[PDB]
Amino acid sequence: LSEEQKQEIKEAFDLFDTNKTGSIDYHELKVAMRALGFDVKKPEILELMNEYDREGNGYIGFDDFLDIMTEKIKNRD
Numbered sequence: 025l026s027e028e029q030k031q032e033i034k035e036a037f038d039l040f041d042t043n044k045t046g047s048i049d050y051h052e053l054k055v056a057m058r059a060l061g062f063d064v065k066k067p068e069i070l071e072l073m074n075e076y077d078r079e080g081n082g083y084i085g086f087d088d089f090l091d092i093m094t095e096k097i098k099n100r101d
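The deposited numbering puts the first residue of the sequence shown at 25, with every later residue one more than the last.
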């Protein structure tokens, strides 16, 4: 991506990073996915990240979050 583009994404990431590590947990994803704009509720929200989750479970890296903010547009169908 370009850095201007990532900034849109990361400005949200810096915001939702409440755990303070530059890595987001499903705890924080709730308000993140909200700002993005989906509708999953509790059951589908932790499983949401769990499906794409890394070798860690619960947390993810900026790159993993990026393909999500790029998810709904790159596959906007």
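Backbone N, C-alpha and C fix where the C-beta goes; we use that ideal spot for every residue, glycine too.
Beta-carbon proximity check, residue i vs residue j, cutoff 8 Å
i   : j   : result
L53 : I69 : yes
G82 : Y50 : yes
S47 : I84 : yes
Proximal residues to residue i (C-beta, below 7 Å), its chain only, five neighbours per side dropped
i   : result
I33 : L90, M93
Alpha-carbon spacing of residue i relative to residue j, whole angstroms
i   : j   : result
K30 : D38 : 12 Å
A36 : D88 : 14 Å
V55 : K44 : 15 Å
Boundaries (first-last residue) of the beta strand (DSSP E) holding residue i
i   : result
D88 : Not the beta strand (DSSP E): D88 falls in the alpha helix (DSSP H), residues 86-93.
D49 : 47-49
For residue i, the nearest candidate out of the options (CA to CA)
i    : options       : result
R100 : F62, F40, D87 : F62
Own chain partners of residue i with C-beta closer than 6 Å, once the 5 adjacent residues on each side are dropped
i   : result
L72 : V64
First and last residue of the uninterrupted alpha helix (DSSP H) at residue i
i   : result
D38 : 27-40
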